[PDB]
Amino acid sequence: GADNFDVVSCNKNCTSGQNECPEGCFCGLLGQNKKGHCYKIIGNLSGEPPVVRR
């Protein structure tokens, strides 16, 4: 089910080697760069009605 999951931002800068990302996120780096951003994997649940009252 790899096609069910998307990578999204976890809204934080990070550097490799330092445990800087929140749990459940990863530090995504481009190539040999030491600095990157925190990301996370999510799956969307579809089918929600257009309006929900709580």
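Below, each value reflects all heavy atoms present in this structure, side chains not excepted, and no hydrogens, waters or symmetry copies. We number each residue from 1, following the sequence as shown.
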Report task. Answer yes if the side chains of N44 and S46 hold a donor-acceptor pair under 3.5 Å, and no otherwise. Result -> no
**Report entry** Inter-residue atom distance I41.CD1 - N4.CG, 0.5 Å rounding
**Finding:** 12.0 Å
**Report entry** Criterion disulfide bond (SG atoms under 2.5 Å apart) on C10 and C21, from CA distance to verdict
**Finding:** CA-CA 8 Å; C10 170; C21 289; over 6 Å; no
Query - Close side-chain approach of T15 to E20, heavy-atom, < 4.5 Å - result: yes
Query raised in the report: Shortest non-hydrogen contact from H37 to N13?
Result: CD2-ND2, 3.5 Å
Query raised in the report: OH/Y39 to CG/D6 distance, rounded to the nearest 0.5 angstrom?
Result: 14.5 Å
**Report entry** Distance (rounded to the nearest 0.5 Å) between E23 CD and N19 CG
**Finding:** 9.0 Å
Query raised in the report: So how far is it from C27 SG to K35 NZ, rounded to the nearest 0.5 Å?
Result: 12.0 Å
Query raised in the report: If you look at every heavy atom in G28 and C14, which pair is closest and at what distance?
Result: N-SG, 4.4 Å
Report summary line: NZ of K12 to NZ of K40, rounded to nearest 0.5 Å, is 13.5 Å
Query - Cluster overlap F26 with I42, hydrophobic side-chain contacts below 4.5 Å - result: no
